[PDB]
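Data first, discussion second: the structure below is written as structure tokens.
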Amino acid sequence: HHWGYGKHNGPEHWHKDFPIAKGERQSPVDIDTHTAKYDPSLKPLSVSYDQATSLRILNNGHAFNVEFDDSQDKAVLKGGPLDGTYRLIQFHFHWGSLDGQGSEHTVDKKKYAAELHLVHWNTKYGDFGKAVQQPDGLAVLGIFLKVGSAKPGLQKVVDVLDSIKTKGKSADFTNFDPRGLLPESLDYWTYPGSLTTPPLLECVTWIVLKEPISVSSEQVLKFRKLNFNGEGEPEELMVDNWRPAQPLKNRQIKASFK
Ligand SMILES: NS(=O)(=O)c1cc([N+](=O)[O-])ccc1Cl
Ligand SMILES: [Cl-]
Ligand SMILES: [Hg+2]
Ligand SMILES: [Zn+2]
């Protein structure tokens with residue numbers, strides 16, 4: 001009985017094996033744009049993905065990960081609310097069964113069709129493993145996806161999904177440039193949070209971009225062809241793999257823009 005997104009193992013059940021699910025800084029959260037406050041103390045956000053080196057793509061049972069070689073100082077996120085440098089290790093998405101839902105964070109209660117998460121670990125901690133034992137160990141750059149015009153830079157990911165349909169399958173995925181998945185503006189909202197998936201560790205500084213990227217209906221439709229199940233098992237489409245908004249509690253969301 002592994003955690004998942006179904007009726008008997010979904011978000012409302014996670015707290016049993018992962019008590020921190022009811023913690024003080026859980027993610028995602030609803031971003032109330034009117035309550036968010038512009039923060040002058042925030043420094044310019046820096047996303048440097050020019051040397052990013054992808055290795056492979058994997059269906060892990062709850063989503064698919066595009067993994068990067070993080071053994072060297074490449075693909076780094078710094079500035080903004082961050083102290084020091086954070087290194088990109090992987091990115092993945094959360095999406096719905098319909099265009100009207102799919103994102104984890106919401107904006108004034110609005111749900112987007114999907115949400116992209118670029119995961120980075122604080123280099124001061126040596127590696128990802130040690131980083132997730134720290135309150136400021138991770139930084140996730142979140143980007144909303146809406147259905148409209150296709151995103152050319154996403155097609156290479158879409159076309160390889162047919163090879164990793166079921167849980168456990170992986171495939172080489174080199175030379176993929178994540179810069180092609182970024183919107184024009186880096187305006188963002190930021191707050192202290194957690195992993196949105198078990199173990200739900202509270203080590204994340206969330207940086208959610210205001211401007212969504214547009215992807216085509218065809219592209220998201222292919223995301224929905226993936227399977228939660230492993231090969232040879234009854235088909236359970238990989239859809240609605242998103243956790244709903246959690247209590248903001250003692251937290252303030254800061255905006256990088258006026
Ligand atoms: N959703 S997330 O970005 O908080 C996240 C997801 C996973 N995952 O479910 O593979 C690992 C790390 C992080 Cl920070
Ligand atoms: Cl597991
Ligand atoms: Hg999983
Ligand atoms: Zn995620």
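Order determines the names: the first chain of the structure tokens is A, the second B, and so forth; residues in each chain are numbered 1 upward, and ligands are numbered 1 upward as they are shown.
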Which residues of chain A sit at most 9 Å from ligand 4, using only C-alpha atoms and all ligand atoms? Give each one's shortest atom pair and distance in Å (one decimal place), in chain and ascending residue order, as CSV.
```
residue,atom,partner,partner_atom_place_in_ligand_line,distance
A:63,CA,ligand 4,1 (Zn),8.5
A:91,CA,ligand 4,1 (Zn),7.9
A:92,CA,ligand 4,1 (Zn),6.2
A:93,CA,ligand 4,1 (Zn),6.0
A:94,CA,ligand 4,1 (Zn),6.2
A:104,CA,ligand 4,1 (Zn),8.0
A:115,CA,ligand 4,1 (Zn),7.7
A:116,CA,ligand 4,1 (Zn),7.0
A:117,CA,ligand 4,1 (Zn),5.0
A:118,CA,ligand 4,1 (Zn),8.0
A:119,CA,ligand 4,1 (Zn),8.1
A:140,CA,ligand 4,1 (Zn),8.3
A:142,CA,ligand 4,1 (Zn),8.2
A:195,CA,ligand 4,1 (Zn),7.2
A:196,CA,ligand 4,1 (Zn),6.0
A:197,CA,ligand 4,1 (Zn),7.0
A:242,CA,ligand 4,1 (Zn),8.0
```
With a cut-off of 9 Å, could you pull out the residues of segment 158-200 of chain A touching segment 6-22 of chain A and give me the nearest pair of atoms for each, distance in Å to one decimal, using only C-alpha atoms, ordered by chain and ascending number, as a tab-separated table?
```
residue	atom	partner	partner_atom	distance
A:197	CA	A:11	CA	8.8
A:198	CA	A:18	CA	6.8
A:199	CA	A:18	CA	6.2
A:200	CA	A:21	CA	6.3
```
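The space between atom CA of residue 256 of chain A and atom CA of residue 42 of chain A spans 6.6 Å.
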Surrounding residues as an mmCIF file with N, CA, C and O atoms, in the first residue's frame, ligand 3, max 9 Å, only C-alpha atoms and all ligand atoms:
```
data_model
loop_
_atom_site.group_PDB
_atom_site.id
_atom_site.type_symbol
_atom_site.label_atom_id
_atom_site.label_comp_id
_atom_site.auth_asym_id
_atom_site.auth_seq_id
_atom_site.Cartn_x
_atom_site.Cartn_y
_atom_site.Cartn_z
ATOM 1 N N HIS A 2 1.424 1.562 -1.168
ATOM 2 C CA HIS A 2 2.314 2.703 -1.349
ATOM 3 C C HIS A 2 1.542 4.010 -1.549
ATOM 4 O O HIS A 2 0.417 3.999 -2.043
ATOM 5 N N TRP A 3 2.140 5.137 -1.163
ATOM 6 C CA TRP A 3 1.457 6.415 -1.333
ATOM 7 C C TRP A 3 1.233 6.685 -2.817
ATOM 8 O O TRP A 3 1.989 6.215 -3.670
ATOM 9 N N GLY A 4 0.184 7.438 -3.117
ATOM 10 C CA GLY A 4 -0.125 7.768 -4.494
ATOM 11 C C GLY A 4 -1.099 8.926 -4.539
ATOM 12 O O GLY A 4 -1.082 9.791 -3.661
ATOM 13 N N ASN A 59 10.232 7.285 -15.457
ATOM 14 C CA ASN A 59 8.858 7.241 -14.961
ATOM 15 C C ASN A 59 9.046 6.614 -13.581
ATOM 16 O O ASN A 59 9.370 5.427 -13.471
ATOM 17 N N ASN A 60 8.859 7.407 -12.531
ATOM 18 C CA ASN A 60 9.060 6.909 -11.173
ATOM 19 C C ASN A 60 7.802 6.429 -10.460
ATOM 20 O O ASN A 60 7.837 6.142 -9.264
ATOM 21 N N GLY A 61 6.689 6.336 -11.179
ATOM 22 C CA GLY A 61 5.474 5.875 -10.543
ATOM 23 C C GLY A 61 4.508 6.977 -10.149
ATOM 24 O O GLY A 61 3.326 6.707 -9.944
ATOM 25 N N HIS A 62 4.998 8.206 -10.002
ATOM 26 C CA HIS A 62 4.111 9.317 -9.667
ATOM 27 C C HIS A 62 4.229 10.482 -10.649
ATOM 28 O O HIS A 62 3.351 11.338 -10.707
ATOM 29 N N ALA A 63 5.304 10.496 -11.428
ATOM 30 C CA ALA A 63 5.549 11.528 -12.443
ATOM 31 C C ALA A 63 6.768 11.058 -13.227
ATOM 32 O O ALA A 63 7.172 9.902 -13.099
ATOM 33 N N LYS A 167 5.691 2.696 -14.954
ATOM 34 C CA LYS A 167 6.543 2.862 -13.782
ATOM 35 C C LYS A 167 7.799 2.004 -13.845
ATOM 36 O O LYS A 167 7.730 0.811 -14.133
ATOM 37 N N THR A 197 5.556 16.032 -2.363
ATOM 38 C CA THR A 197 5.381 14.584 -2.422
ATOM 39 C C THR A 197 6.068 13.953 -1.222
ATOM 40 O O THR A 197 7.049 14.487 -0.712
ATOM 41 N N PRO A 198 5.553 12.812 -0.744
ATOM 42 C CA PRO A 198 6.213 12.175 0.398
ATOM 43 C C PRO A 198 7.688 12.022 0.001
ATOM 44 O O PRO A 198 7.988 11.741 -1.160
ATOM 45 N N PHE A 228 0.634 5.100 -14.213
ATOM 46 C CA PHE A 228 1.074 5.071 -12.820
ATOM 47 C C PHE A 228 1.593 3.650 -12.595
ATOM 48 O O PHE A 228 2.566 3.426 -11.875
#
```
Task: For segment 76-90 of chain A: contacts at 10 Å, only C-alpha atoms, fewer than 3 positions along chain excluded, given as a PyMOL selection string - done: chain A and resi 39+41-57+64-73+117-125+127-128+136-141+188-192+205-207+254+256
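Here atom CA of residue 243 of chain A stands at a distance of 22.1 Å from atom CA of residue 217 of chain A.
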Task: All residues 10 Å or closer to residue 184 of chain A, only C-alpha atoms, same chain fewer than 3 positions away omitted, as a count of residues only - done: 5
TODO: For atom CA of residue 185 of chain A and atom CA of residue 257 of chain A, quote the distance in Å rounded to one decimal.
DONE: 10.7 Å
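Considering the residues A:98, A:238, A:58, A:220 and counting only C-alpha atoms, residue 172 of chain A has its shortest atom-to-atom contact with A:58.
The residue that comes closest to ligand 2, out of A:168, A:38, A:183, A:30 and on the basis of only C-alpha atoms and all ligand atoms, is A:168.
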Open item on the list: Which of segment 39-257 of chain A end up as strand (DSSP E or B) when DSSP is run on this backbone - answer as a ChimeraX atom specification?
Closed with: /A:43-48,54-59,64-68,76-80,85-95,106-107,110,114-122,138-147,167,170-172,188-193,204-209,213-215,227,230,237,254-255
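Those residues in segment 5-216 of chain A carrying a DSSP assignment of alpha helix (DSSP H), computed from the backbone, are residues 128, 129, 130, 131, 155, 156, 157, 158, 159 and 160 of chain A.
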Kindly export the residues of the current selection with N, CA, C and O atoms, as a PDB file, in the first residue's frame.
```pdb
ATOM      1  N   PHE A 128      22.485  16.324  -2.673  1.00  0.00           N
ATOM      2  CA  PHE A 128      21.057  16.310  -2.411  1.00  0.00           C
ATOM      3  C   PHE A 128      20.690  15.628  -1.096  1.00  0.00           C
ATOM      4  O   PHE A 128      19.885  16.154  -0.321  1.00  0.00           O
ATOM      5  N   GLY A 129      21.287  14.465  -0.846  1.00  0.00           N
ATOM      6  CA  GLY A 129      20.997  13.721   0.366  1.00  0.00           C
ATOM      7  C   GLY A 129      21.183  14.499   1.655  1.00  0.00           C
ATOM      8  O   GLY A 129      20.338  14.440   2.551  1.00  0.00           O
ATOM      9  N   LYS A 130      22.298  15.214   1.760  1.00  0.00           N
ATOM     10  CA  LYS A 130      22.590  16.004   2.949  1.00  0.00           C
ATOM     11  C   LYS A 130      21.717  17.257   2.960  1.00  0.00           C
ATOM     12  O   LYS A 130      21.296  17.733   4.020  1.00  0.00           O
ATOM     13  N   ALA A 131      21.433  17.783   1.774  1.00  0.00           N
ATOM     14  CA  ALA A 131      20.618  18.984   1.662  1.00  0.00           C
ATOM     15  C   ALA A 131      19.204  18.804   2.212  1.00  0.00           C
ATOM     16  O   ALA A 131      18.663  19.719   2.829  1.00  0.00           O
ATOM     17  N   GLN A 155       8.736  19.846 -26.735  1.00  0.00           N
ATOM     18  CA  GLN A 155       8.478  18.719 -27.621  1.00  0.00           C
ATOM     19  C   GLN A 155       9.431  17.538 -27.480  1.00  0.00           C
ATOM     20  O   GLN A 155       8.999  16.394 -27.552  1.00  0.00           O
ATOM     21  N   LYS A 156      10.719  17.794 -27.274  1.00  0.00           N
ATOM     22  CA  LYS A 156      11.664  16.691 -27.127  1.00  0.00           C
ATOM     23  C   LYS A 156      11.300  15.811 -25.933  1.00  0.00           C
ATOM     24  O   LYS A 156      11.529  14.603 -25.947  1.00  0.00           O
ATOM     25  N   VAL A 157      10.727  16.417 -24.899  1.00  0.00           N
ATOM     26  CA  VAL A 157      10.311  15.662 -23.726  1.00  0.00           C
ATOM     27  C   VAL A 157       9.053  14.870 -24.073  1.00  0.00           C
ATOM     28  O   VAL A 157       8.945  13.685 -23.771  1.00  0.00           O
ATOM     29  N   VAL A 158       8.104  15.537 -24.717  1.00  0.00           N
ATOM     30  CA  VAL A 158       6.855  14.895 -25.104  1.00  0.00           C
ATOM     31  C   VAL A 158       7.062  13.656 -25.978  1.00  0.00           C
ATOM     32  O   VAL A 158       6.440  12.622 -25.751  1.00  0.00           O
ATOM     33  N   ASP A 159       7.942  13.756 -26.969  1.00  0.00           N
ATOM     34  CA  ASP A 159       8.175  12.638 -27.876  1.00  0.00           C
ATOM     35  C   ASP A 159       8.856  11.405 -27.290  1.00  0.00           C
ATOM     36  O   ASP A 159       8.782  10.323 -27.873  1.00  0.00           O
ATOM     37  N   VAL A 160       9.514  11.554 -26.146  1.00  0.00           N
ATOM     38  CA  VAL A 160      10.199  10.427 -25.526  1.00  0.00           C
ATOM     39  C   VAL A 160       9.327   9.697 -24.498  1.00  0.00           C
ATOM     40  O   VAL A 160       9.681   8.616 -24.023  1.00  0.00           O
TER      41      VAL A 160
END
```
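Nearest residue to residue 148 of chain A, choosing from A:202, A:210, A:186, A:215 and counting only C-alpha atoms: A:215.
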Task: Pick from A:209, A:113, A:147, A:132 nearest to ligand 1, counting only C-alpha atoms and all ligand atoms - done: A:132
Task: Nearest residue to ligand 2 from the set A:203, A:193, A:1, A:231 (distances using only C-alpha atoms and all ligand atoms) - done: A:1
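Using only C-alpha atoms, the smallest distance between any of A:26, A:97, A:35, A:166 and residue 224 of chain A comes from A:97.
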